[PDB]
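Student: pasting the structure only:
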Ligand SMILES: CCCCC/C=C\C/C=C\CCCCCCCC(=O)O
């Protein structure tokens, strides 16, 4: 596809193990920000967003 | 030089001790990727590269 991810980061699970796991529930939240506000989307951060 | 490094990150080594160390063997791998693929060159990652 044409996604071309620049940032991909996970907590509580390691990326090399996702192919061997089963989940009981998954949710997906989606929105649009600007480039300087991307680092703000993380647990334990501060700022306007 | 004209390298102008943008990513310099080391594992199993502190940058401030590189001048006081002696090594039994050193290998160097080199190649070309694109800008959004640079973060994939690290242990324990996923992606196409
Ligand atoms: C002149 C400073 C005097 C006060 C210093 C001490 C307290 C305040 C410290 C930090 C202020 C951070 C600014 C807001 C940053 C938001 C996050 C971001 O934008 O990503």
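Tutor: Perfect, I can see it now. Numbering: from 1, shown residues only, chains lettered A, B, ... in the order given.
Student: secondary structure class for residue A:37?
Tutor: Under DSSP: H, G, I helix; E, B strand; the rest coil, residue A:37 falls in the helix class.
Student: Can you tell me the number of residues neighbouring it?
Tutor: Neighbours of residue A:37 under the rule other Cβ atoms under 10 Å in any protein chain shown: 12. C-beta here means a position set from N, CA and C on the backbone, and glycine is covered the same way.
Student: which residues sit in contact with residue A:49?
Tutor: A:33, A:37, A:40, A:41 (Cβ atoms under 8 Å, 6 or more residues apart in numbering or on different chains).
Student: switch to 6 Å and redo it
Tutor: A:37, A:40 (Cβ atoms under 6 Å, 6 or more residues apart in numbering or on different chains).
Student: isn't residue A:47 right next to residue A:40, touching?
Tutor: Yes: at 5.0 Å, residue A:47 counts as touching residue A:40 under the criterion of Cβ atoms under 6 Å.
Student: what kind of secondary structure is the closest residue to the ligand within chain A in?
Tutor: Among the residues of chain A, residue A:47 lies nearest to the ligand; the distance is 3.3 Å by Cβ to the nearest ligand atom. Three-state call for residue A:47 (three-state DSSP): coil.
Student: State the distance from the residue of chain A positioned farthest from its centre to residue B:43.
Tutor: For chain A, the residue at maximal distance from the C-alpha centroid (Cα atoms, centre = their mean) is residue A:20, at 19.3 Å. With distances taken as Cβ to Cβ, to the nearest Å, residue A:20 is found 18 Å from residue B:43.
Student: Chain A against the ligand: which residues are in contact?
Tutor: Counting by Cβ under 6 Å from any ligand atom, the positions of chain A adjacent to the ligand are A:40, A:46, A:47.
Student: now the residues you listed in JSON lines, with distance to residue B:29 and neighbour count?
Tutor: As requested, the residues of chain A next to the ligand are exported to JSON lines (distance: Cβ to Cβ, whole Å; neighbours: other Cβ atoms under 10 Å in any protein chain shown):
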{"residue": "A:40", "distance to residue B:29": "35", "neighbour count": "12"}
{"residue": "A:46", "distance to residue B:29": "39", "neighbour count": "6"}
{"residue": "A:47", "distance to residue B:29": "38", "neighbour count": "8"}
